[PDB]
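Shown next, in C-alpha cells, is the structure this report addresses.
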Amino acid sequence: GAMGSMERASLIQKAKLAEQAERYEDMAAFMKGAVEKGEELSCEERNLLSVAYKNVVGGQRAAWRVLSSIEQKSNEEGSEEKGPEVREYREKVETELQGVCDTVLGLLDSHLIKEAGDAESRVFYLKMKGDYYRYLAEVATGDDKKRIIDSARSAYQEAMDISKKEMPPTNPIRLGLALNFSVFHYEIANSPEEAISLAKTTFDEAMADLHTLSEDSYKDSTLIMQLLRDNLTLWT
Amino acid sequence: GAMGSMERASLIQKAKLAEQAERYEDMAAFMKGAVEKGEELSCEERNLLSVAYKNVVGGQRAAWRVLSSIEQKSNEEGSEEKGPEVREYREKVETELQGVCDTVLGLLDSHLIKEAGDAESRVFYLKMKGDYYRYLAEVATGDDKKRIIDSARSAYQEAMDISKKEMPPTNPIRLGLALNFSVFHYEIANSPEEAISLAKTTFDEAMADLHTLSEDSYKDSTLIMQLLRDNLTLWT
Amino acid sequence: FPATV
Amino acid sequence: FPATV
Ligand SMILES: [Ca+2]
Ligand SMILES: [Ca+2]
Ligand SMILES: [Ca+2]
Ligand SMILES: [Ca+2]
Ligand SMILES: [Ca+2]
Ligand SMILES: [Ca+2]
Ligand SMILES: [Ca+2]
Ligand SMILES: [Ca+2]
Ligand SMILES: [Cl-]
Ligand SMILES: [Cl-]
C-alpha cells in the first residue's frame, strides 16, 4: 500500500483537503489508505469514502457513455469505417472503470461490511456494494452479466431489509438506499413498475413521519424526498 | 514511450475522442505520443496538444491555489497548529504541476520549436514555452525563480518579435500571444503599466485592421479582442 | 439520467 | 484571475 507509511489521521485530513481542491482521485486514494489501516470508519469518514469514489466513477461513467454513443453511431448503416480506435478507447475507459469498482468492492469485502454491526454503517456499506455492482452492470455484456445484476440486487435487498427493521422511514441513508435501488429496478433490472412502486411507497412513508423531525432533519429528509419525486416525474 | 506502439493517426484520433469525453489527461498522453513520433504537427494537431495540456495544468493550478490559500491561513496569527499535512499536500500537487510543465517544455525543446520554420507554428510553440515557464513561475519561491521568469519573458519576446514582423495585427495567434504576455507582465513581472500598454496597443492595432477580414475571421479576432478589453477593464 | 445519491 | 488563451 502506497499509503502504508502515512498516519490514519493524516490520510483523513488530506482527503478533506483533496475534496476542497476537487482532487477526487487523490481523495479516493487517501480514503483507500485510511480503510486499509483496518479500523472501522466513523459516519464522517464513511461519507468521505463514498464521495471520493462517487466522483471518480461518476466521471468514468460519463466518459464511457460519450464513447459508447460514438461507437454505436459508427456501427450504423451508412457509417464510414474508421478502424478499431473508438472500440479500443471505449474499452480502455471501461477497464479503468471496472478497476475502480473492483477496488471499492474489495474494500467493502476486506473488511468494512463484516465489521459493521450498527444498522447505519451496515446499510451504508451494503448500499455502496449495490451501487458499485450496478456500475459494473451498466457496462457488462458477457456471460457474467446476470450474476453481476444479481450481486447488485442481493446487496440492495439486504440493505433494504435492515433499513426497514432498524431505521425510521425518514432516515437519510434509508431514503438514499431506496432511491438508488429504485433506479436499479428501472435502469438495470428492466422492472419499471417495481421502480415506481418503491419510489412512491418510500416517499409516502417518509411524508407521514416528517412530523417527528427537527427543522434540520426535516430539511435533509425533504431534500432526498424531492429526488424520489423527480424520478417519479421522469417515469410517469 | 507507452504510446510507442500506437500509430500516429490513431493517437490523433484518440486525442479527439478524449477531448469529446472530457478526458484531458488521456488527451495529453495521446498527443505526447503523437509528438514523439518525430513529425511536425499541423495546425489542428498543435491545437489538440495545447488544449490537452492547458486543461490538465489548469486543473492543477486551480487546486494549487486552493491549497496555497489554506496553507496561508494556517500560518496566520491565532491559527491552531494542524501539523505538516497542508504543506505536504500542497507540495504534492505542486510537484505534479511542475512535472507536467517540464513534460510540455521537453516536447517543445525536443524538437517542436527547432523544426518550426513557418511563423505561425514557431510563434505558437514559443507562446506555449512562455506559458509553461509562467506556470512554473507561479509556484516558484527558490533561487531559480528569477531565471524561470526570465525564461518565460525570453520565449514570449521572441514570439512577439516574429509575430509583429510576419503576422497581421488581427491574427489570432498574435492576439492570444499578446494577451498572455500582457498577463505575464501584470501577474508575474510586477509590471502592470507594461501589461496595460501592451493590451491597449494590441487591441487598437487589431481594431484598425478588422476592415480587411471576412465575417468568419472577424468573429475570431473580435472574440480575442474582447478578452484584451476584459483584462483592461479589470486593471483600470 | 435519474437521480442517485 | 485575468483571461489567457
Ligand atoms: Ca503501515
Ligand atoms: Ca498510527
Ligand atoms: Ca470490456
Ligand atoms: Ca463493529
Ligand atoms: Ca515505435
Ligand atoms: Ca506508422
Ligand atoms: Ca516545491
Ligand atoms: Ca519545418
Ligand atoms: Cl486506447
Ligand atoms: Cl501528500
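Numbers here mean position along the shown chain, with the first residue as 1.
This entry, so its header tells us, was determined using X-ray crystallography, 1.4 Å.
Cβ atoms here come from the backbone N, Cα and C positions, even for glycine.
When A:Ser10, A:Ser110, A:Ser151, A:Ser163 are looked up in Swiss-Prot, the one carrying the note phosphoserine is A:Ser10; the rest have no such note there, which does not rule it out for them. Beyond its flanks by at least six residues, the expression tag (A:1-5) meets 11, 29-30, 32-34, 36 of its own chain at Cβ-Cβ distances under 8 Å. Taking each Cβ in turn and tallying the other Cβ atoms within 10 Å, the top scorer among the modified residues A:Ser10, A:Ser79 is A:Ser10. In terms of DSSP secondary structure, the expression tag (A:1-5) contains 0 helix, 0 strand, 5 coil.
Proximity to chain B (Cβ-Cβ under 8 A) holds for A:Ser10 out of the recorded positions A:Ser10, A:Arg61, A:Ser79, A:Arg134.
Cβ contacts within 10 Å of A:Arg134 (site 'Interaction with phosphoserine on interacting protein'), excluding its own Cβ and spanning all protein chains shown: 25. In this entry, nothing among the recorded positions A:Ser10, A:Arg61, A:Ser79, A:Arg134 has a C-beta under 8 A from a C-beta of chain D.
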